[PDB]
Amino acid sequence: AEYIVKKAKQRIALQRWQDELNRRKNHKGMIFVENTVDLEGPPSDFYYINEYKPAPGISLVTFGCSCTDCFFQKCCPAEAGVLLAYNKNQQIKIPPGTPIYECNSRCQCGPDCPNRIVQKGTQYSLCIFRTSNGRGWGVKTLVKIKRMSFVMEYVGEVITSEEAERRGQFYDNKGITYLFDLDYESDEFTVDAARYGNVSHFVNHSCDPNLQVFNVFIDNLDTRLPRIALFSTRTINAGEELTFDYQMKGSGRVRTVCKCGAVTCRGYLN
């Protein structure tokens, strides 16, 4: 009875939140919201952002390449001492731990350069949905995603690692999960998606995940401050939940029990 009224208002609240997410988003794919399991409405104190929101005094970002064919000429990755990340079908072909150096605002090439993938934004329609076995909100794809494909970036506030430590003291276990050290080549900065984030803010942990982190440099060449991209590790089917390994944010208190469901589940998130 109280329940029935709450369900009815919940439906309206989730619709209004979906509409707001779609106004805020700057990428091609749609964002959907669904809760067929319980009465949870939209989270409070969460603001959708498309890119890193740096703290006061933190600056994010120029030479580019001059290729007429960035796929076959000596291009931005070459200049940085690395391989081109991508094959002709937009799939990442370099191993985890290798940085992605995409072409940038200073390169001569246009949008359809095969070295401009992360920067084009998420192409897939995705749904924030309520999980059925106690893992809160999660994210699923509504369409099939090819192996080794760009899905979404991890974004949040960009703060110092010192700030994240201090913030973490007042965070519960969930809040700590929103801290993402940018430790590719430096211990200086941390992404905090707790309050400001994109759809990656709702992606759950798995012990056999279907997404994998890569560091990305576009206009930014300072390796203290990589952008973080999530690429698929395998073919992901329509309707499938997206997951990454929270322990693999980089290659560097109650223990939360892992409910990922994998046969090889490690039992705990932390």
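The numbering used is simple: start at 1 and walk along the sequence shown.
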{"item": "Unresolved deposited residues in the interval that joins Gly252 and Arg253", "value": "10 or more"}
{"item": "Unmodelled deposited residues flanked by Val61 on one side and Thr62 on the other", "value": "1 to 3"}
{"item": "Which of 150 to 158 and 73 to 81 has higher mean CA B factor, as the PDB entry lists it", "value": "73 to 81"}
{"item": "Stretch exceeding the other in mean C-alpha B-factor - 166 to 174, 134 to 142", "value": "166 to 174"}
{"item": "Options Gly57, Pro209, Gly239, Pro226 - largest CA temperature factor per the record", "value": "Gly57"}
{"item": "Top Cα B factor in the deposited entry, candidates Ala193, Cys113, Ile100, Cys127", "value": "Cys113"}
{"item": "For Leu182, the third of its chain into which the C-alpha B factor falls", "value": "middle"}
{"item": "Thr256, C-alpha B-factor rank within chain (lowest, middle or highest third)", "value": "highest"}
{"item": "Assigned third (lowest, middle, highest) for the C-alpha B factor of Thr235", "value": "middle"}
{"item": "Record-listed C-alpha B factor of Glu51: chain third", "value": "lowest"}
{"item": "Cα B factor band for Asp45 (lowest, middle or highest third within the chain)", "value": "highest"}
